[PDB]
Amino acid sequence: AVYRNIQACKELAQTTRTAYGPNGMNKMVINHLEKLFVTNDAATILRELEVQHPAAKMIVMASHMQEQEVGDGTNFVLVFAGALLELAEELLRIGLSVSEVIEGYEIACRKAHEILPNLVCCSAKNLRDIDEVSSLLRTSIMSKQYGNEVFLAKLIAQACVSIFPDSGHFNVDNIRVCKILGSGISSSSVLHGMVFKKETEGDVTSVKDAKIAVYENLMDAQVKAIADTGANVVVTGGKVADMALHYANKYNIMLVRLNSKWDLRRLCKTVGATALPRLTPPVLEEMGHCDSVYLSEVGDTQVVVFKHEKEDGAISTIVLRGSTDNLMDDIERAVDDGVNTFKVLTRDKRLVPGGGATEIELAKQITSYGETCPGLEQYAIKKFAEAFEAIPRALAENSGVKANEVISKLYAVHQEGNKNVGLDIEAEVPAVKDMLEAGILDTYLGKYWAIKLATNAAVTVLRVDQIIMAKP
Amino acid sequence: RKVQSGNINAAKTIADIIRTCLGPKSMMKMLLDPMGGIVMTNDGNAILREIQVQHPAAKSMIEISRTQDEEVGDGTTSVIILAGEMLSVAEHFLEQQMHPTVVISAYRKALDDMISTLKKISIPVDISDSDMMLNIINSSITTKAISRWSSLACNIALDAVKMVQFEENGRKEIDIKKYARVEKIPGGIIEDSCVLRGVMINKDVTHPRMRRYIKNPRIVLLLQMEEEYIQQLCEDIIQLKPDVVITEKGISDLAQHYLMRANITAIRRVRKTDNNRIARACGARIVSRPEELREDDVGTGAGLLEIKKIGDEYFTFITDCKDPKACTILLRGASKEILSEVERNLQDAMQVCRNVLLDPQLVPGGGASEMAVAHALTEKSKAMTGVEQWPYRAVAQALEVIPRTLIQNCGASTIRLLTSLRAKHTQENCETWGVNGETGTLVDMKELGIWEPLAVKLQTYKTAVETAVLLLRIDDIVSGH
Amino acid sequence: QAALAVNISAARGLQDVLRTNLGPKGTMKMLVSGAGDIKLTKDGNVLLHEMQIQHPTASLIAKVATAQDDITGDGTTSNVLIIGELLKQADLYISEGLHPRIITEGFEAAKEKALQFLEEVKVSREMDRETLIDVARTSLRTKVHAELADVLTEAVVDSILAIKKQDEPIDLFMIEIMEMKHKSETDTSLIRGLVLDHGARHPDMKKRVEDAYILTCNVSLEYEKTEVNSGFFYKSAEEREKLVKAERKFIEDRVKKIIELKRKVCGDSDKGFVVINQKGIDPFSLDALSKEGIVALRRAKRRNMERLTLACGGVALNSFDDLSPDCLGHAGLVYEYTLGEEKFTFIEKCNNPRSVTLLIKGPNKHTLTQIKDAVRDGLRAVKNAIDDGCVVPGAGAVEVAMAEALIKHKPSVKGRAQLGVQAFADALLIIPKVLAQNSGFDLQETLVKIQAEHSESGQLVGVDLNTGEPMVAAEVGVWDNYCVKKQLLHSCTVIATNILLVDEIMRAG
Ligand SMILES: Nc1ncnc2c1ncn2[C@@H]1O[C@H](COP(=O)(O)OP(=O)(O)O)[C@@H](O)[C@H]1O
Ligand SMILES: Nc1ncnc2c1ncn2[C@@H]1O[C@H](COP(=O)(O)OP(=O)(O)O)[C@@H](O)[C@H]1O
Ligand SMILES: Nc1ncnc2c1ncn2[C@@H]1O[C@H](COP(=O)(O)OP(=O)(O)O)[C@@H](O)[C@H]1O
C-alpha cells in the first residue's frame, strides 16, 4: 500500500502548491461554523481542511513542529515533501527498495546542512534600525498580504526595535495584534503597551491607580467596595448595567468593557488582575498591577492603552485598521509571520536569497555530489536535488510563466558562477534578476529546520507500507 | 494531448512484449493461434509479425522493423525497445506541458552527440586476419546447431561477401539479393557444403541429349511458317558451336527439338541479373535475340559445365576460377530441417560481415555501448544552456534499459549491478566493464567476443530516434480517403 | 483435508504481511485506532496483540506471540514466519497423501535435534560493557530509524549494569521510566536519581541544593476535616472564616514542626532540607518552608514514594506528631530541571538508591510511544543475556548452521518422519530469505553465500545486510540470547502440532 499513500500525499500538495509565492492564489475556505473565508496562508487551510488520510497526517504533524523554533516555511514542508514522494515512484518502478531510499535521504539531508552555510549571502546587522528591519522584512510579508508590503514592513519594524534592547526577552507574545473596523491600511499604526478597541465606558479619561479588578442602593455600595480596596479601574466581561455605569463615575472609577474573552485573559498574565465570577467582591489578592491606565484617541477612535510607564516596557500591540473582517484576518497572519521572522534572527543571524535561488544552488551542488558519490544511495540523493526544483516550479506556475524556462535560466546563470540569482516576480518577464539587489532574503535557520522536517516526514511515510485498523 | 499520449501506450505495450526477448537468455513467448495451436518462438521479429494490433501508432512499429530486417538480421529487438522507452517518459510531454517540437529538437540534438560518442569507443579490424573475424562472427554461431561447424560457417560467410564487394568503384557496394544468391542441393551433410566460385542455375534437365560434363564449355546468352522461325532461331546459335543455350524467356517445344538434336544443354527462365554474372564470368555478351549473334558470345574462360543429378536433382554448374562481382553458396544436408537451420543461421552471420567490410569498426556490446553513451550525455546536460537539457537527460536515463533487460532476464539483481555499472564508466574507461549475458556479472569486452559492428548500432539509434520523432509529430488521427 | 487448507492459506497471507517488518532495514506498519490515535512499530506483538484481525484462525496465532513476548521479549516476528512456512511445506506433502500426525513426529525429532545443536554453537562469553553493547545493538536497531542506535545503546547497557551486583537476579521494577516533551529525540540519557512530576513552586526556593536531608512524609497539608470531636457549623460567610482559623490549626502547626526538626538535625549553613510529602501543600506552608531553605514537594506517585524510600533512606511518615530524626534521609545534588514549559525535580547522586531512572525525551506523542516499547524491548533483551550466561550468534547465523545438522541427521524412531525434518529445515531458512528482501537484495542469492560457507573448523556464518555477503556474526558484534532460540524452536513446534491436527472446523456459535 505504498503507491496509495504517495498518491494520497500528492492530493495535499495541490491544495498548497498554488498558494505559495507573491503571485499565489487564494483559497475559498468555508468554516465548520458556516462561515465564508478567503486566504492564501497554508497554515490556515489545514486548520479547516480536515486531512483524514493517515498517510498525509504525518506531513501535517511536521507542520506543527514548524511552529517550534521557527514561524515560517510551512509551504516548504508541503511542497518539498510532495515532490520527494512524487519522484520516489520513479525509483520504485525501476525496482529500487524503499529502505535504500530512506538511508539515501538521510545522507542528502546532512549533505545539504553542510552546503547551506556556503550560500549565506548576507546577515542582519542587528543595529535595531527601522530601515534594517523593513528592508529585510520585505520577503516574509509578501505571499501573505501582497501589494501592501510597504506599510506593513515599516509598522512591525517599529514594534521589534523597541524590544531588542531588552535582549533575551523578544518573543511573539510581546507583539500582540489589535484590529479595528476602519477605512484601510492607511490608518493603521503601532502603539506601546496593551491596546484594545473598546473605549472607556466610564467618564474617566486618565487614572494612575495601581490595582485593576476584572469581573439600587446596594450596587452603589458594591462599586464603593472596589474603591475601598484601593482600585479605580474596573473591567467587566459582559454588558454593564446603567446604574452600575454611573456609580463608577462618581468615585472616578474607570469602567472598561471587554466582551472577547481573549481580552480578559490577556490581562491575567500581564498586570496580574484575574477575572472573578461574583458580583464585585472585595478581593485584593486577585487584582493586578499597572503603572498608568489612560484613554487614548488614535485614528479617530478612542482606545484603552495600558502603558507601563514605571517599568521598562516590553508589551507591544499593533493597531490595525480595515473595513473588512475577512481581509484584516489575512493581515493578522502576515503580522504574526513578520514577528516570527526576526524571532529566529535573535540567534546567530544568517540570511539566504529567496525566490528559488538557494533551491537551484543547493541542488546544483548535491547533484554534482551524487555523480561523484558511488553506491546504491545515489538514486535517492539525485532526486533529493531534483525535489528542491519543485519550489521554483511552484513560483513559476503562480507567476503565470512556464516553469521550463525558469529552471533552464536559473541553471545557466549558476553554471557561469553567478550566484544569488532567483526568480523574476513578473508575469510578462520569464527572465531572472539578482535577489541581493532586490532585497529578497530568507532565513538560514528556517531552511535548516525546514529541510530537516520535510525529509523526516517523507522518510516517516516511506517507512510505512501498509495500514491496518485496530481497537484497544 | 490525448493523441500525444495515445502513441505512448500504443508503443509502450509493444515494447513490453519483446522486453524480455533480448540477449542469449531471451525468454520465450506463448502465442495462441485461433485454431488452438501454440507457437513457442522467442525471436521478436516473428512474434510481433503475427500479432494483430488495433492502434495505428503500433502498426508503424512493425513496418519499421521489417525494413531493419533487410539491412541487419539482428538488433531489431532493441530498435522498438529504445523507441518505446524514449516515448515512455510522459513527464516531459504532458505533465511539464511542453510542446512536442520542444522534445523533437532535444532528441535530434542528442542524436548527433550519440553518433560521435559511439565512434569514440570504436576499434579498427584487420579483415585480412580470418581469426580476428572469427571472434566477431561467433556472436551469432553461439547457441546454434552450426556451432559444430563454426569454422565452416566462418569460411562460407566471410569469403562470400569478399566476392560481392567491388572495391574498384570507390563506394564498395555490397548487395546480398543480387550477388549472393543462396541455393540448396539435396544430399550430403553440413560438412559437405562449400562456396561455389561462380554462377549456378537451378534449371532441371528436361531432355537426355545434353552435354553432361565439359571442361571447356561455350555459353551463348540471348506448321510450315511456324517451324520457319523456330529452325532459324535455333540454327543461328549452333554457328558458334555452343554447349549450353541460355535463354531469357521460355523456349518452345519445337525449338528444343533442335537443342536436343545438337545434344546441347537447354536453359531458360533466366533473370537479367543472372546473365550479367555469366557474361562477367566467361566473358560472354548478352545479345537481344538469337539472330544477331557475334563471335564474342562464347564461353572462353569458363570452369566447367555440369548438370549432374546430385541428390536426385539436376544442378547446372557453370562455375569458373574468377570472382565476377558475384558468388553462389552450395548448402548440403541430409534433411530439409538441417538445411533450413544452416540456410537461415548463415544469413545472420553473412550480414555481420557486410557491416564490417563496409566500415571495419566495432563497438562494445553487452550493455557496454549504452553506458558509454549515456555517461557522455549526462555530463553534457549540466552545461547545455536551454530547456532542452531536461529531455536531453531523459535519453541518458532511458538507454539504460538495454542492460537492464539482460540482467533481469538472467535473474540477478539488476538494481545492484546497474548502479555499480555506472561507477565503472564514471571512473574507468568506458570501452570496458560490460555485462556478461550468460553469467550476469560485469566483465570487460576486450576479453570477450561481444563486439558488434558499427553499422548495426548506427541504424538502430537513427531509426530508434526517428521512430519517436515520427510518433510525437502526430497530434490527431484523420479518418477518410 | 479442506479444514487445513483454510488454515494453511490463512498463515501464508499472514506471512506476507509481517515479513516486511523484520530487521532494521524492513518497513513499518500503521495502527489505525479510529478514535484519533496512530502508532508505528515493527514488533510483531503490537501488530497482533493490539491489532484486530479478520480471520479467527489467525487470531489464535496472535495469542502465541503475546505469550512469546512475555517469556523472552523478542523474536515474535520470526516465530510467525516459521509457522507460516511449516504449514506451507506440510501442504506440499499433504497433497501427496501424508497424514499430519506423522509430520508432527518429524518436527518432534528435529526440534530435539536442533535444541541439541544450540548446546554446541552457544558461546559462554563473559558479560561486560563491550559485549552487552553488541547485544543491545541487535535489539534496538530494529525499533528506531537508524539514528538512535548509538544513543540508546549506551543507555540500556549502563542501566542494567547499575542494578546488578552481589549475584542478585535482575528485576525490571528497579528502573523508573519517565518521559519528557518539548525536546528532541536524541536527548535520551540516564538519570542516576529519581525524577518527580510535580515539584516546589515558589520564588523563595533554592535553585539547587548540594546536600539535603530528605524527610519522607504522608501528611495532608491542605484543608482537611476536623481532627478532634467537632465539626463545621456556621451561620454565614464571615462565621465560616472563623472555622478556617480552627481547622488550619491542624495544618499550620505542622509546618513549624518541620522547622523544629530542621534546626535540630544540621541546622547550620552548607546544609539543606527537602520534604517529599505525597499529599498536597498549601501556599502558606510553601512560603513558610521556602524561607527556611526547606524545599517542599507535593503531588507524587504511589510508586515514586516507594523508590524515594530507597534513594535517601528516610522511612515513610504518616503524622508529624510522630515525627522523629530516625526517619531522616540523605542525598547529594537536589535541584530542579527546566523544560520549555514545565519543570521537574531531580535528586541525582544518591547514596544507595538501588533504583535508576531512564529519562526518555522526544518531541511528539506517537514517536515517544515507539521509543517507549523499544526501551522495554531493549532492556529485556540484555536482561536474558546476563541471566543466561550463554549466548548465540545473531545475523540469522543459527538458522544456516542448523540446516546443516538436520539434513545430516536420520531419525532413529521411524522412516516416514524423516520428511517432517526436511520441512523443518526449509522452514528455518525463511529468516535469511525474509531479511534478504527487507534489505533490498535478492532472496536466494543471499541464501546461497551463507549456505555455501564451509571450512575445516567451527565456522559461524550469518547474513550481511549492508552488502549481502557472508558475515561472521561474532566478528561484527551481532549476538542474541540463548533463551530466545530455545523458546523459538520449543514454541513453534507446539503450535504447528496443535493446528495441523485439526481434522474439521465446526461452527460452535
Ligand atoms: N516575495 C517573494 N518572492 C519569492 N518567494 C516568496 C516571496 N515571499 C514568500 N515566498 C516563498 O513562499 C514560501 C512561503 O512563504 P511564507 O508565507 O513566508 O512562509 P509560510 O508560507 O510558511 O508562512 C516560502 O518558501 C518563501 O520562500
Ligand atoms: N553473449 C552476450 N553477452 C551479453 N549480451 C549479449 C550477448 N549476446 C547478445 N547480447 C545482447 O543482446 C542484444 C540483442 O542481440 P540479438 O539477439 O543479436 O538482437 P535481437 O535481440 O534484436 O535479435 C544485443 O544488444 C546485445 O547487447
Ligand atoms: N541488520 C541485520 N542483519 C541480519 N540479521 C539481523 C539484523 N537485524 C536483526 N537481525 C536478526 O533478526 C532477528 C530478529 O531481530 P529483532 O527485530 O530484534 O526481533 P523481531 O524481528 O522479532 O522484532 C534476530 O534474531 C537477528 O539475528
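Just so you know, the numbers here start at 1 and follow the chain as drawn.
So how was this one determined? The header says electron microscopy, 4.1 Å.
Each Cβ is built from the backbone N, Cα and C atoms, and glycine gets one as well.
Copied over from Swiss-Prot:
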- B:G23, B:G75, B:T76, B:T77, B:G366, B:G437, B:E452: ATP binding site (BINDING)
- B:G23, B:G75, B:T76, B:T77, B:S78, B:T143, B:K144, B:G366, B:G437, B:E438, B:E452, B:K457: ADP binding site (BINDING)
- B:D74: Mg(2+) binding site (BINDING)
- B:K336: SUMO2 cross-link (CROSSLNK)
- B:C321-B:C327: disulfide bond (DISULFID)
- B:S151: phosphoserine (MOD_RES)
- B:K203: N6-acetyllysine (MOD_RES)
- B:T385: phosphothreonine (MOD_RES)
- B:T414: phosphothreonine (MOD_RES)
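Calculated from their C-alpha atoms, the gap between B:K144 (ADP binding site) and B:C327 (disulfide bond) amounts to 25 Å.
Neighbour counts were taken as the number of other C-beta atoms within 10 angstroms of each residue's C-beta; across the binding-site residues B:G23, B:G75, B:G366, the minimum falls on B:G75.
The disulfide-bonded residues B:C321, B:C327 differ in how many other CB atoms lie within 10 Å of their CB, and the one with the most is B:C327.
In the three-state DSSP reading, B:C321 (disulfide bond) counts as coil. Filtering of the recorded positions B:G23, B:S78, B:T385, B:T414 by Cβ separation from chain A (threshold: under 8 Å) yields B:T385, B:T414, ordered along the sequence. B:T385 (phosphothreonine) is 61 Å away from B:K336 (SUMO2 cross-link) when you measure Cα to Cα. For B:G75 (ATP binding site) paired with the residue listed as 'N6-acetyllysine', the C-alpha to C-alpha distance reads 37 Å.
Proximity of B:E452 (ATP binding site) to non-local residues of its own chain (separation of 6 or more, Cβ distance below 8 Å) is seen for B:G75, B:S139, B:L362, B:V363, B:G365, B:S369, given in sequence order. Looking only at the binding-site residues B:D74, B:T77, B:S78, B:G437, the one with its C-alpha closest to B:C321 (disulfide bond) is B:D74. Note: B:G437 (ATP binding site) has non-local neighbours B:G23, B:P24, B:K25, B:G366, B:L406, B:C410, B:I450, i.e. same-chain residues 6+ apart with C-beta under 8 A of its own C-beta. For B:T77 (ATP binding site) paired with B:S151 (phosphoserine), the C-alpha to C-alpha distance reads 27 Å. The ATP site in the record is lined by B:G23, B:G75, B:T76, B:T77, B:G366, B:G437, B:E452, and its two most distant CA atoms lie 18 Å apart. A straight line from the CA of B:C327 (disulfide bond) to the CA of the residue listed as 'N6-acetyllysine' spans 17 Å. Note on proximity: of the modified residues B:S151, B:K203, B:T385, B:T414, the one nearest B:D74 (Mg(2+) binding site) is B:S151, by Cα distance. Taken in sequence order, the recorded positions B:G75, B:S78, B:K203, B:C327, B:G437 that lie near ligand 2, meaning a CB under 6 Å from one of its atoms, are B:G75, B:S78, B:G437. In this structure, the C-alpha atom of the residue listed as 'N6-acetyllysine' lies 36 angstrom from that of B:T76 (ATP binding site). Within the set of recorded positions B:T76, B:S78, B:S151, B:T414, the entry lying nearest in space to B:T385 (phosphothreonine) is B:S78 (CA atoms). The Cβ neighbour count for B:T385 (phosphothreonine), using a 10 Å radius and every protein chain shown, is 13.
Recorded residues B:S151 (phosphoserine) and B:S78 (ADP binding site) have their alpha carbons 29 Å apart, per Cα-Cα distance.
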